[PDB]
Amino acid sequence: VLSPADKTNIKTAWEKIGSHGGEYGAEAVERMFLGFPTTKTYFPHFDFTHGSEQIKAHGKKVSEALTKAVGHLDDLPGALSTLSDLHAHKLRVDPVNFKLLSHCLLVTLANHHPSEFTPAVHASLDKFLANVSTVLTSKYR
């Protein structure tokens, strides 16, 4: 559950990410596949060649999905229902993988935005990703 303070930290930090969302998306996904090889089992059709157009295209969609969530913090299940159908009903992704991707996204944001990634903003982003992860692993329709 997000506090009013968490909501502000998220909205503020997301402003600073600007137009590079897509590129951070792709890097977090690449860090995931390399550091946690069992995750590739969910993408048997991907080319995992560094900088692949597929991974690039995928990172873009993930960062669009996060931008949309930041816009709908008071109704995540509302905003993300289609992605929940995909991950929870169709793909049946083990919730453990969500913690791995969330961690890789934090690693990536800290890597590019060290001065914005203060301990308090790190705390609020971790909670943001945990909340997003619950929704995408829950069957609620």
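For every residue, the number given is its place in the sequence shown, counted from 1.
Participant: Which has the higher mean CA temperature factor in the PDB entry, 42-50 or 25-33?
Facilitator: Stretch with the greater average CA B-factor: 42-50.
Participant: Highest mean C-alpha temperature factor of the two stretches 56-64 and 104-112, which is it?
Facilitator: Higher mean C-alpha B-factor: 56-64.
Participant: Name the third of the chain's ranked CA B-factors that contains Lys127, choosing lowest, middle or highest.
Facilitator: Middle third - that is where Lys127 ends up once the chain's C-alpha B-factors are sorted.
Participant: What third of the chain, by the recorded C-alpha B-factor, contains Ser133?
Facilitator: Ranked within chain, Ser133 CA B lands in the lowest tercile.
Participant: Is the Cα B-factor recorded for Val93 in the lowest, middle or highest third of its chain?
Facilitator: Tercile = lowest for this residue's CA B-factor.
Participant: Comparing against every modelled residue in the chain, figure out the third that the C-alpha B-factor of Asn9 lands in (lowest, middle or highest).
Facilitator: Answer is middle: the recorded C-alpha B-factor places it there.
Participant: Which third of the chain does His72 land in by C-alpha B-factor: lowest, middle or highest?
Facilitator: Highest third of the chain for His72's C-alpha B-factor.
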